[PDB]
Amino acid sequence: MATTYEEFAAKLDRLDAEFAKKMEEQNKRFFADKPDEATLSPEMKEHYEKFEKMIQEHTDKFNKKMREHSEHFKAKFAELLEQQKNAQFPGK
């Protein structure tokens, strides 16, 4: 279900606010590698790999300026999963 992420990661690349600060937490993937029930797949680890490359490229500094709108972006994560989940299930 990486789609939900592949769809948001495409539009978030223009914000580098949340996704930019979320990728930096990748290092935590180790300390938090432990099982959390969800046992999510690397579906997001394969796509997010395209964002990190932007961090050191410039996004790292962008997240500082776009951080002003990161308030509404950090929330998008909630709808991110609904983006596709809803895109392939028209009802509500």
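Draft legend 1. Geometry of helix α6 (residues 70-87). For α6, spanning 18 residues, the distance from its first C-alpha to its last is 24 Å, which sits close to the expected 26 Å at 1.5 Å a residue. Where α6 bends most, the angle comes to about 45°, and this point is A78. Of all the positions in α6, only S70, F73, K76, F77, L80, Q83 and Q84 are classed as buried. If you follow the buried residues of α6, they end up packed against α1 (3-12) and α2 (18-23).

Draft legend 2. Highlighting the layout of surface pockets. Of the pockets and cavities examined, the largest pocket occupies roughly 610 Å³. Around the largest pocket, the lining comprises 19 residues; the ones closest to its centre are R29, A32, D36, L40 and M44. Of all the elements in the fold, those that place two or more residues in the lining of the largest pocket are α2, α3 (28-31) and α4 (43-47). Class assignment of the residues belonging to the lining of the largest pocket gives a composition of eight nonpolar, three polar and eight charged.

Draft legend 3. Layout of the packing of aromatic side chains. According to the stated counting rule, one finds four aromatic pairs in the structure shown. With centroids separated by 5.2 Å and ring planes inclined at 65°, the aromatic side chains of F19 and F51 adopt a geometry described as edge-to-face. In this pair, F19 sits in helix α2 while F51 sits in helix α5 (residues 49-65), placing the two residues 32 residues apart along the sequence. The class of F19 is buried, set by a relative accessible area of 1%. Given a relative accessible area of 2%, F51 falls into the buried group. Relative to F77, the ring of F19 lies with its centre 5.3 Å away and its plane at 50°, an arrangement referred to as tilted. Residue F19 is found in helix α2, and its partner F77 is found in helix α6; the two are separated by 58 residues along the sequence. Each member of the pair, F19 together with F77, is buried.

Draft legend 4. Quick look at the pattern of salt bridges. Summed over all chains, the structure comprises three salt bridges. Residue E24 pairs with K21 through a salt bridge whose shortest N-O separation is 3.8 Å. Residue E24 is classed as partly exposed on the basis of its relative accessible area, which comes to 40%. Note that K28 and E25 form a salt bridge whose closest N and O atoms lie 2.9 Å from each other. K28 sits in the partly exposed class, given a relative accessible area of 45%. Given a relative accessible area of 27%, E25 falls into the partly exposed group.

Cut-offs and rules
- Residues numbered from 1 in each chain as written, not as in the entry; some residues may be left out.
- Heavy atoms only, no water.
- Helix = DSSP H or I, 4+ residues; strand = E, 2+ residues; numbered from the N terminus.
- Expected span 1.5 Å × (residues − 1).
- Bend = angle between axes of the 7 residues up to and from the residue.
- Buried < 20%, exposed > 50% of the residue type's maximum accessible area, 1.4 Å probe, protein only.
- Contact = heavy atoms within 4.5 Å.
- 1 Å grid on protein atoms, 1.4 Å probe; cavity = no way out; pocket = protein on both sides within 12 Å on 5 of 7 lines; lining within 4 Å.
- Points joined across faces, edges and corners; volume = space filled by probe spheres on them.
- Nonpolar A, V, L, I, M, F, W, Y, C, P; charged D, E, K, R; others polar.
- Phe/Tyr/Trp six-rings, centres within 6.5 Å; stacked < 30°, edge-to-face > 60°.
- Salt bridge = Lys/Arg side-chain N within 4 Å of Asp/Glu carboxyl O.

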